[PDB]
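Data block below; observations after.
Basis: the model, the stated rules and, where named, an outside source; no laboratory instrument gave them. As a convention, Cβ positions derive from the backbone with ideal geometry for all residues, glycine included, and neighbour counts pool all protein chains shown.
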Amino acid sequence: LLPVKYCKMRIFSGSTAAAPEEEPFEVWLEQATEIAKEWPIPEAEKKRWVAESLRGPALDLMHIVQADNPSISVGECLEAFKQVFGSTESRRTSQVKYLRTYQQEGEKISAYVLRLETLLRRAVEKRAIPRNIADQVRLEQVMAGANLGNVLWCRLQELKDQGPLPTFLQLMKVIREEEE
Amino acid sequence: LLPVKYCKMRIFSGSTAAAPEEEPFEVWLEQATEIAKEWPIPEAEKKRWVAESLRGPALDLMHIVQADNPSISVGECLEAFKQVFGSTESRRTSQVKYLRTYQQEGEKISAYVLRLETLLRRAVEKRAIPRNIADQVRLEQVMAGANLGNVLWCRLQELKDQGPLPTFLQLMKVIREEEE
Amino acid sequence: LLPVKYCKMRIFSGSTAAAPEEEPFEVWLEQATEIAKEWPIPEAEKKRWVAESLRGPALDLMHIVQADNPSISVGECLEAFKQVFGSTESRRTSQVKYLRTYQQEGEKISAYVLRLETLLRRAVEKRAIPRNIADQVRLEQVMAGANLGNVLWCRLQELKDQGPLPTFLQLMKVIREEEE
Amino acid sequence: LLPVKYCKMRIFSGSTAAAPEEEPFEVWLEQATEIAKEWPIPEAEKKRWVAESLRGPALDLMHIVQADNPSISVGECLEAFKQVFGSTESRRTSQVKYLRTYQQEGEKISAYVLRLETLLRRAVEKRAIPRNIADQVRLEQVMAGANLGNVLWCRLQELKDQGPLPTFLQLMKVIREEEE
Amino acid sequence: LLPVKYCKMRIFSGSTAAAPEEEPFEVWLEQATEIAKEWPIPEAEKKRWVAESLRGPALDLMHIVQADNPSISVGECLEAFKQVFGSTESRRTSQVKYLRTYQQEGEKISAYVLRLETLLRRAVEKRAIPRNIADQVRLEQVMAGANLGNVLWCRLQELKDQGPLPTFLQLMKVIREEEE
């Protein structure tokens with residue numbers, strides 16, 4: 001036979017002693033929600049294919065939750081996982097971490113705005129930023145936090161004046177022209 | 001022709017000092033009973049699929065058991081594995097191990113109460129605790145074994161006197177709201 | 001699409017710096033003898049599937065042994081592997097290692113008689129014990145080897161005196177009852 | 001039970017603290033562009049298999065880009081990846097890196113000219129070296145940067161004086177005839 | 001719905017600092033020549049399955065070789081790999097490297113004679129040693145290069161005087177019996 005390419009199931013544990021093959025919880029929750037919502041197979045199998053992706057403390061929770069209610073849906077199992085493992089960030093601490101992110105790692109301007117944007121996305125899920133200015137606070141924090149050249153600095157400020165508040169892909173296209 | 005998303009076998013070994021990817025026995029027995037009862041495959045291949053999850057002392061038991069009776073069923077193999085490796089606990093010993101279990105130096109309180117809830121389920125399956133007092137022995141064992149940061153100590157002492165005591169998911173909802 | 005469990009080939013090497021993913025030779029020899037004896041495929045292709053389980057020094061032995069004789073059987077290759085890598089136990093080191101093996105460090109008595117039984121199979125295949133008394137030397141070595149009290153000793157001695165010499169499974173059943 | 005030969009998905013992550021399994025981005029982009037262009041599967045499942053090769057910061061860029069515009073093509077995702085992680089060399093910096101690259105302590109002459117040729121290809125793709133003299137700057141940089149042992153310096157000076165100019169494989173044939 | 005066995009593709013890299021999974025080149029070339037000769041698919045598929053076995057410097061050679069001539073066959077690619085990485089040794093150098101090879105400072109005598117026998121096969125393929133004296137040079141080179149002592153020295157010199165000299169497997173049996 002011709003060779004097989006394959007992807008591992010992403011495994012989650014909740015353990016503080018996390019292995020290199022174990023993901024952070026949000027990555028696993030995307031896989032688990034795909035199994036719950038998008039796979040064609042019955043919920044009596046979807047319970048099992050979620051459990052196969054768990055080991056250690058997080059697998060114990062799958063047992064605890066089914067012991068409390070054998071009739072539970074997979075979606076409601078994931079609500080229990082969200083309840084337990086969903087992050088402890090406050091509005092204050094998400095805002096501080098978003099504002100005190102500052103190109104320290106020698107990043108390109110494009111790489112810095114990628115890292116920053118992960119925290120901005122988080123802050124917008126917490127509603128810690130108004131969605132109607134999420135683009136403005138991106139420009140603000142990039143212009144505060146990045147070692148800009150003037151030719152890009154004035155181009156961002158022109159877009160800020162004109163009203164085309166960049167989406168992340170628009171801000172990237174604008175950064176592409178000056179960074180290349 | 002395309003990548004197949006495929007899943008890790010749950011390895012077991014029976015050694016005290018097990019490797020980081022090797023499961024506790026109860027989790028392995030759940031996999032092995034699925035191979036025994038549920039898979040469509042012929043029984044000569046069921047033995048193969050059981051044995052290819054074993055390593056070290058547990059694989060040696062499979063060899064011993066097969067050598068004394070080549071005609072043995074996979075069900076009677078798993079009865080031998082239960083009879084060797086299965087948990088030995090009783091009413092008094094399970095209550096003691098539960099009540100003796102305190103918060104370890106590296107544990108966050110939310111992780112400790114999750115670990116502790118597994119021990120409570122163990123004790124309830126041994127009929128060592130009546131389910132109708134499980135909430136009491138949660139709050140009390142948490143308060144006896146963990147440090148509670150003074151502010152959560154007051155909140156759990158309030159809840160202990162409140163009347164309607166927390167279920168585990170609600171207790172975690174509270175404990176996460178103090179982990180922030 | 002739907003995931004299923006993959007089973008990794010058990011690679012062997014004979015290297016002194018053995019990797020965690022490399023089995024001890026006896027485990028590999030079971031896999032290789034299965035490929036030799038049980039697989040339906042032609043012997044030229046059996047040589048290939050045996051070779052794909054080897055790397056480093058043990059793969060070089062496959063090349064050396066084929067270079068001496070291209071017509072060689074897989075069985076004769078495995079005789080060369082047994083010669084080179086199989087353990088050098090004598091009828092006096094097997095007996096001493098067996099008889100010197102006590103229960104240790106607070107092992108479960110069941111886990112001890114399992115550990116002990118692996119050495120008794122080693123000694124019986126060396127014919128370093130008469131097969132017709134293997135159960136006798138097992139009972140005696142357990143009674144000498146396991147630190148004990150209570151009726152367990154009395155029950156084993158009763159079975160020894162009565163004449164119903166236990167199989168390993170019957171011995172294990174009795175040991176669990178007094179271990180719990 | 002017959003084994004299939006398998007090939008692992010080359011994972012990428014974009015962290016500067018990269019793990020030993022993770023490729024440089026240029027190799028990952030060759031896999032990702034195969035998925036985008038060649039595989040017969042619909043774009044939703046193409047996006048899934050591209051994303052399933054990612055871990056950490058690179059996966060965060062995929063999530064950001066899909067959230068910022070769900071209508072985006074796979075090719076447009078890869079354009080975002082090219083911008084963020086693709087190396088921004090210049091005619092100045094590439095010429096410097098090429099000419100600066102001398103033979104390390106451990107490199108044999110063939111291993112050195114192989115490493116060196118990768119940097120020459122890099123520089124030629126930026127038009128930093130005219131293709132019609134690429135071979136000239138190869139032989140010259142070999143002589144400038146190699147610690148050619150005694151008679152190798154004499155032989156390479158005769159080869160710089162050859163007349164017609166070697167392609168890389170012809171230069172390798174010559175170097176390998178000397179190498180002992 | 002079927003669980004499956006997996007064999008790892010033998011990755012090669014050509015770095016002198018080779019990682020623990022990575023083969024010596026001659027073993028990789030045996031895999032790549034299987035892909036070139038024996039697999040039924042077109043040359044475009046063959047090129048891909050060869051490239052997906054390569055990592056680091058050796059993958060860069062595959063890019064260089066294809067970029068010079070996209071019309072190249074996989075057979076001609078493997079000739080370029082043989083030329084760059086495949087060993088070139090003369091009769092003088094193969095004789096010297098066999099004779100200069102002593103027991104390594106932490107090595108066992110049994111591992112040494114197996115390591116040494118690989119170098120004898122190498123030297124016989126260069127026609128650097130006549131096959132009809134290979135046994136003589138095995139005993140002499142073991143005795144010259146190993147930290148021998150005790151009745152092993154006596155038994156080996158006895159075997160040198162015996163008339164018909166050991167085969168490799170018989171010499172290993174003797175050295176293993178003294179290893180105990």
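Miscellaneous remarks
- Counted residues, the stretch C:144-154 - those being touching a helix residue (DSSP H, G or I) at 6+ places or on another chain (Cβ under 6 Å) and in a helix (DSSP H, G or I): 1
- Search result, residues across the stretch D:19-55 that are more than 9 Å from chain A (Cβ to nearest Cβ), part of a helix (DSSP H, G or I) and more than 22 Å from A:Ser110 (Cβ to Cβ): D:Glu34, D:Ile35, D:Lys37, D:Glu43, D:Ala44, D:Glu45, D:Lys46
- Any pair with Cβ under 9 angstrom, 6 or more apart, that starts in the stretch E:156-180 at a residue that is facing another protein chain (nearest Cβ under 10 Å) and without any contact (Cβ under 8 Å) to a residue 24 or more places away in the chain and ends at one that is part of a helix (DSSP H, G or I) and hydroxyl-bearing (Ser, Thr, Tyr): E:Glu180/C:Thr93
- Flag if B:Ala58 is on the phi < 0 side of the Ramachandran plot, part of a loop (DSSP other than H, G, I, E, B) and either of a type in the set (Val, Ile, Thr) or away from chain A (no Cβ under 11 Å) (or both): no
- Selection from the stretch A:130-141 of residues that are of a type outside the set (D, E, K, R), surrounded by fewer than 16 Cβ atoms within 10 Å (Cβ to Cβ) and either touching a residue at least 12 places away in the same chain (Cβ under 8 Å) or assigned to a helix (DSSP H, G or I) (or both): A:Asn132, A:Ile133, A:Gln136
- Note on the stretch A:39-58: residues that are touching a helix residue (DSSP H, G or I) at 6+ places or on another chain (Cβ under 8 Å) and not hydroxyl-bearing (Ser, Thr, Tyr) amount to 12.
- Filter pass, C:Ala144 being surrounded by 14 or more Cβ atoms within 10 Å (Cβ to Cβ) and away from chain E (no Cβ under 14 Å): no
- Criterion: over 22 Å from the mean Cα position of the chain (by Cα), within 23 Å of C:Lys82 (Cβ to Cβ) and among the β-branched types (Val, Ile, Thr) - qualifying residue of E:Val142, E:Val174, E:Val151: E:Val174
For (1) more than 21 Å from the chain's Cα centre (by Cα); (2) surrounded by 19 or more Cβ atoms within 10 Å (Cβ to Cβ); (3) hydroxyl-bearing (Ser, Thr, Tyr), each residue gets a yes or a no:
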site: A:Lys5; (1), (2), (3): yes, no, no
site: A:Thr33; (1), (2), (3): no, no, yes
site: A:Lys46; (1), (2), (3): yes, yes, no
site: A:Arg55; (1), (2), (3): yes, yes, no
site: A:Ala67; (1), (2), (3): yes, no, no
site: A:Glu79; (1), (2), (3): no, no, no
site: A:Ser90; (1), (2), (3): no, no, yes
site: A:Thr93; (1), (2), (3): no, no, yes
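- Residue satisfying condition, being closer than 22 Å to A:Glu178 by Cα and outside the structural domain of D:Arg138 (by TED's automatic domain parsing), within set D:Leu78, D:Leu2: D:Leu78
- The stretch A:75-129: number of residues that are at the interface with another protein chain (Cβ under 10 Å from one of its Cβ atoms), among the β-branched types (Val, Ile, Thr) and assigned to a loop (DSSP other than H, G, I, E, B): 1
- Positions within the stretch B:14-31 being small (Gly, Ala, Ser) and surrounded by fewer than 19 Cβ atoms within 10 Å (Cβ to Cβ), in sequence order: B:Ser15, B:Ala17, B:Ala18, B:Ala19
- Being touching a helix residue (DSSP H, G or I) at 6+ places or on another chain (Cβ under 9 Å) and of a type outside the set (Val, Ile, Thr) is a property that D:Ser90 lacks.
- With respect to the stated conditions, A:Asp135 fails to be acidic (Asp, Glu) and within 14 Å of chain B (Cβ to nearest Cβ).
- Looking only at residues in the stretch D:96-126 that are more than 16 Å from the chain's Cα centre (by Cα) and without any contact (Cβ under 8 Å) to a residue 40 or more places away in the chain, the one that is surrounded by the most Cβ atoms within 10 Å (Cβ to Cβ) is D:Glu107.
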